[PDB]
Amino acid sequence: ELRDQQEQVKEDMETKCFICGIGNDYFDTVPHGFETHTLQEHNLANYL
Amino acid sequence: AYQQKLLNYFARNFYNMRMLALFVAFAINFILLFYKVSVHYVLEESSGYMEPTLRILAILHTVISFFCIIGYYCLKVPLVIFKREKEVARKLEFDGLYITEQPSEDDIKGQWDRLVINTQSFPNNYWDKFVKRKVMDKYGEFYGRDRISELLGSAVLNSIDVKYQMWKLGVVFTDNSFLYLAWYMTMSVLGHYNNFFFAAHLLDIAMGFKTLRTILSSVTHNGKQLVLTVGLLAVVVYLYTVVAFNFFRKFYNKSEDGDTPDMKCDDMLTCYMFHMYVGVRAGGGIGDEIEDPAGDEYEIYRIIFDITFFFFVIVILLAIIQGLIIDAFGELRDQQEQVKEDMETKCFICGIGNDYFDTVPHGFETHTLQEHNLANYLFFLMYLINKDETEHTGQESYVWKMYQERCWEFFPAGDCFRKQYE
Amino acid sequence: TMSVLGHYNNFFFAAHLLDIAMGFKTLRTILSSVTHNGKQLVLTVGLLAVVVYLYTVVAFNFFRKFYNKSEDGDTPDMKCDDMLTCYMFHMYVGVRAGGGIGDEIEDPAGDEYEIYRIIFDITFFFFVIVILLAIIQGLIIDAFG
Amino acid sequence: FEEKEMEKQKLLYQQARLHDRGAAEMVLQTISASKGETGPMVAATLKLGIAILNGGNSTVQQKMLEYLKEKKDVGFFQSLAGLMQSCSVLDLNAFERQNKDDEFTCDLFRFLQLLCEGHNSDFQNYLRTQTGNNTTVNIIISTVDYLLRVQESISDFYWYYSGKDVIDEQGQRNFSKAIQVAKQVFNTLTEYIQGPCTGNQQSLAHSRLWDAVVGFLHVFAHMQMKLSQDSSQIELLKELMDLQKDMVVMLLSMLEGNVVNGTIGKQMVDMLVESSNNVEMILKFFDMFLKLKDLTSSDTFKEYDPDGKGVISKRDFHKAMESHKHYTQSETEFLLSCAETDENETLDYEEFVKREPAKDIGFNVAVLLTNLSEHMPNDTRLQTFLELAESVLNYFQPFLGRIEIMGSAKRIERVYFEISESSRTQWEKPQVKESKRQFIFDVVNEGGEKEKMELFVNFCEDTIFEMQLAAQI
Ligand SMILES: [Zn+2]
Ligand SMILES: [Zn+2]
């Protein structure tokens, strides 16, 4: 279980956006897009 | 001319040559089964000619393993090169790694390539010798024109590029597929020397079959986790062994009764290597192989030493480690399983799925054998290269322009032809 | 045909009780579970064949002396060095011990090959007993599951 | 390969020697001044303007347009129009008299081809409308009208030899010369439309061209039936086949900018009923030659010949071929009238299958018909016409590629291409199948969606290099 709880977190950072929650699929419409939604749009440190 | 054309036989016949290597060695298993001692010895029951057939086969199998690798050296190896010279040269254009980026001290696979770029031959097998010029014409205005041109550039003994060939064989050695067969040749060599190590060839059964490579892959799948886990078991066991050292040294008596020269386990090296031999592997723990506690102050204290050793070590830490292979095996087959599902669920290219094409009967097979049918995108891309850019159609020339750019939006995302229309 | 031979010899006559397998629906499945994944299994067990054969050769070449079925050597000391017998030792003993070879052999006690025997051993125990049995065990269970 | 691009750059370097020194404009000016002239002046210009281009040099194609838009010279296109009003037909009247002129014209339109090849959709639209200038001159309309008067003459040459049927050398040398007229000018009408600027497609859709292309089919049917008849008529036939190739290249290119039930597809179906009659020949004419290669080497002609070299008699052919129950007896006569009837009655399997050339053309036809179906279905006008051509597509379904791409119109269109026999065969067997299975697992295991289609070709380029290996093995 516990590794699976570790596993899902690593998935969850790659599946969904941490903040806006939407997911990988909506941002794969633009190429290289989920990484942009993780490095430009929300990119956790900025809200910090 | 007899050398090259015979070498064309081996690449055609490699897979039969390599399968036959398993067929031969499987008989070497059957014949090494017949040894005994006297100094080493071979008894031949039911036949007298079978030991000279081992003299036959040992020479046979080895040089077969020599003819396979020298057949492999032109079968996949140049593709390996092709892949590797590709890797560099796109990164010389697009990244300019030896112009600009200078890859890290890790991945020497990157840093192995520094040597080859100065050579004349550099993209031998890439069909695109114009790359070395194109990098000069992209970056040489910026940084250095004739500095980058300095960076880039009987009859058999002086014809070859040495700096290429040193690089090449380096990349040949770093291939997993080569180095296996390389390691397979060295076991064959020593069989001509000593026929004992000769039947260690039977581990071709592992990488031969697809379900047994996976199981040894399952060992190293989760290996990064494993070694840290086994290290845990190292430590835990070391913790028990110290307690045993300090509190319970007397209980260790390998001997009979003490009247014999009573062998005891108190030295720390030996005591620690006791529990990895005995305490790990007992399956019942230490308390199987030791004096049962029978009336001491440390009677109770021995038991509490013991069950704890048994829940933590034997029950938890073995079986996890046991598990972590199995779990990897279970994962890994499941990764194999999902792929076979994924080819049948979704289309490889357009990604849509089985359900949309089951609307037409026998339809997903049509979407897999007419619409996308993977080989065609291969073959189309041949077709682009096989023709000239004059003769290209507007559709083709598009794609070719997409291709030379490497921008890739030509594929169907999901909007394949049936989905696009009615 | 099992019924025929019962009219001949009444011993083989009660092998009919394997109708309990194909009779009930949950017990046909369990023997089906054996051959469900059988194509995988036989290749896997073959693995265990080979691995065990690899240990037995090392044992043959490096560690022949450790095998003494007998009492003390003063008895007509039965040892396991012939390769047929030595290989069929580990499938009887080394596979099925559940603790490995190092349960049923001389414990190493002071040789140059003392250390080398252990490293022979634990490896035999993680690879064989812990991994390869239980996988094979599992691959039925997994099929059953 | 690598020898060629450096040669291509040698080409481009000798072109660079010129057009950097304003050579591009001298062509463009001289023609513009030579208004209706088809003087030798103009002939020298075009063979220069061709040599400036030669290969789709885009710099020139840029610079050529620059001089037209900056100095808005309406005279240029006005001059080009008048060219094509003149250039040439074949003739028939003087051919009667020659029993006892194109070189300018070929190279006129090869010039015009190279103005556009490379798909300058700006320039291809510039030849439509000529926006900056005052009077529009539609070249693309007029080149159809040149091709139209090409057609009627090509038509007219057939009827003169509709009776003699052993066509003279003066007939051949006159007409093969005319073959290279049209073959070139079709290629313009590709490369006008081949850049899929649909403005140029619609402009030509309403033009007369279809009536030509109908009529070429009437040529190409009835020629091929009697060009087959001789062992001397094959050389013109090889040309007329090759024109028939490039003729259907054309309307494939016209069909690429197509929605499913699109109007430009409608027109193409419309012609195939108006000219249904004659296509019945060329569909059978291929089935005469496509079944031929598949039988004469199949099972009981390579075993039925006593020789093994490839020699079989006429009677040995007629009793075995007709017994295979593929086609009927009137075509066995047709093929034996076609064959050679050689030395007494014998015939080689080599030269008889050398008239294999039709598989190139009929591919494209089968491509055409498939693309008409897969774009525009459910029209029995087409369906009935297609099901006759079943035997043709049956030959090429092994060999026709069919993919999907999103080719810039943001709808995904479908593209056909030639699958080679060598590359198909090499793909399946040796290690490539072991290499693909290796690939397919690697994608789904660790592929990002950007990286997936990128890793794709990364296989494929290898897999190109696979067969470059495994076939030279
Ligand atoms: Zn967000
Ligand atoms: Zn698809």
# chains A, B, ... in the order shown; residues from 1 in each chain; ligands from 1
call {"tool": "residues_near_ligand", "arguments": {"ligand": "ligand 2", "cutoff": "9 Å", "atoms": "only C-alpha atoms and all ligand atoms", "output": "PyMOL selection string"}}
result
(chain B and resi 346-353+367-368+371-374+411-417) or (chain D and resi 404)
call {"tool": "residues_near_ligand", "arguments": {"ligand": "ligand 1", "cutoff": "6 Å", "atoms": "only C-alpha atoms and all ligand atoms", "output": "list in words"}}
result
residues 17, 19, 20, 21 and 42 of chain A
call {"tool": "closest_atom_pairs", "arguments": {"of": "chain C", "to": "chain B", "cutoff": "9 Å", "atoms": "only C-alpha atoms", "output": "Markdown table"}}
result
| residue | atom | partner | partner_atom | distance |
| --- | --- | --- | --- | --- |
| C:40 | CA | B:211 | CA | 6.7 |
| C:43 | CA | B:212 | CA | 7.1 |
| C:44 | CA | B:212 | CA | 6.5 |
| C:46 | CA | B:205 | CA | 8.3 |
| C:47 | CA | B:206 | CA | 7.1 |
| C:50 | CA | B:202 | CA | 6.9 |
| C:51 | CA | B:203 | CA | 8.2 |
| C:53 | CA | B:29 | CA | 8.7 |
| C:54 | CA | B:200 | CA | 6.9 |
| C:57 | CA | B:196 | CA | 7.9 |
| C:61 | CA | B:196 | CA | 8.2 |
| C:81 | CA | B:36 | CA | 6.5 |
| C:82 | CA | B:36 | CA | 4.7 |
| C:83 | CA | B:33 | CA | 5.3 |
| C:84 | CA | B:33 | CA | 5.6 |
| C:87 | CA | B:33 | CA | 8.1 |
| C:98 | CA | B:283 | CA | 7.4 |
| C:99 | CA | B:282 | CA | 5.6 |
| C:100 | CA | B:281 | CA | 7.9 |
| C:102 | CA | B:277 | CA | 8.0 |
| C:103 | CA | B:282 | CA | 7.8 |
| C:115 | CA | B:273 | CA | 9.0 |
| C:118 | CA | B:277 | CA | 6.7 |
| C:121 | CA | B:277 | CA | 7.7 |
| C:122 | CA | B:277 | CA | 6.8 |
| C:125 | CA | B:281 | CA | 7.2 |
| C:126 | CA | B:322 | CA | 7.7 |
| C:130 | CA | B:322 | CA | 5.7 |
| C:131 | CA | B:322 | CA | 6.1 |
| C:134 | CA | B:326 | CA | 8.2 |
| C:135 | CA | B:326 | CA | 6.7 |
| C:138 | CA | B:326 | CA | 8.5 |
call {"tool": "atom_distance", "arguments": {"atom1": "atom CA of residue D:50", "atom2": "atom CA of residue D:111"}}
result
5.2 Å
call {"tool": "residues_around", "arguments": {"residues": "residue D:255", "least_positions_apart": "6", "cutoff": "9 Å", "atoms": "only C-alpha atoms", "output": "list in words"}}
result
residues 201, 264, 265, 268, 368, 371 and 372 of chain D
call {"tool": "residues_around", "arguments": {"residues": "residue B:233", "least_positions_apart": "2", "cutoff": "10 Å", "atoms": "only C-alpha atoms", "output": "ChimeraX atom specification"}}
result
/B:227-231,235-239,276,280,312-314,316-318,321
call {"tool": "atom_distance", "arguments": {"atom1": "atom CA of residue B:18", "atom2": "atom CA of residue B:189"}}
result
16.6 Å
call {"tool": "atom_distance", "arguments": {"atom1": "atom CA of residue D:420", "atom2": "atom CA of residue D:374"}}
result
22.1 Å
call {"tool": "interface_residues", "arguments": {"of": "chain D", "to": "chain A", "cutoff": "12 Å", "atoms": "only C-alpha atoms", "output": "MDAnalysis selection string"}}
result
chainID D and resid 448:454
call {"tool": "residues_around", "arguments": {"residues": "residue D:105", "least_positions_apart": "2", "cutoff": "10 Å", "atoms": "only C-alpha atoms", "output": "JSON, numbers by chain"}}
result
{"D": [38, 43, 46, 83, 84, 86, 87, 88, 89, 101, 102, 103, 107, 108, 109, 110, 111, 180, 181, 182, 184, 185]}
call {"tool": "closest_residue", "arguments": {"among": "B:418, B:101, B:408, B:149", "to": "chain A", "atoms": "only C-alpha atoms"}}
result
B:408
call {"tool": "interface_residues", "arguments": {"of": "chain D", "to": "chain B", "cutoff": "6 Å", "atoms": "only C-alpha atoms", "output": "number ranges by chain"}}
result
D: 194-196, 403, 405-406, 460, 473
call {"tool": "closest_residue", "arguments": {"among": "D:8, D:119, D:47, D:218", "to": "residue D:62", "atoms": "only C-alpha atoms"}}
result
D:119
call {"tool": "select_by_dssp", "arguments": {"residues": "stretch 256-300 of chain B", "states": "helix (DSSP H, G or I)", "output": "ChimeraX atom specification"}}
result
/B:268-279,298-300
